[PDB]
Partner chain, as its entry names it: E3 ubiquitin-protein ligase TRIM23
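For reference, the chain that follows is the form solved without its partner chain, supplied as structure tokens.
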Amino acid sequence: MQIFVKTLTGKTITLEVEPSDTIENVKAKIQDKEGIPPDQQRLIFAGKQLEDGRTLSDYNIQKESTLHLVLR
């Protein structure tokens, strides 16, 4: 499925993921497309900082959701 990731600059990143993918997996995918190391990324959705170890399905993040990327 496809999901989006929006940065502070307003840039929107499109990712191909599976519901079973962990947040750290998603961060590596962002690094693959943008060069930003996972350790410098904070992903937020529904007011929660998404934690490594949990999957998109754990957070009930479905197709075409737009996550918020904040740098750390």
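Residue numbers count along the first chain shown, from 1. By rigid core we mean the largest C-alpha set that fits within 1.5 Å across both forms. Only residues modelled in both forms are compared.
The discussion below concerns the form deposited with its partner chain bound, not included here.
Scanning 56-72 for heavy atoms within 4.5 Å of its partner chain in the bound PDB entry gives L71, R72 in sequence order. A displacement of 2 angstroms or greater separates the C-alpha positions of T7 between this form and the one not shown, with the rigid core held in common. When the two forms are fitted on their rigid core, the residues between this form and the one not shown that move as a run of three or more, each C-alpha shifted by 2 Å or more, fall solely in 7-9.
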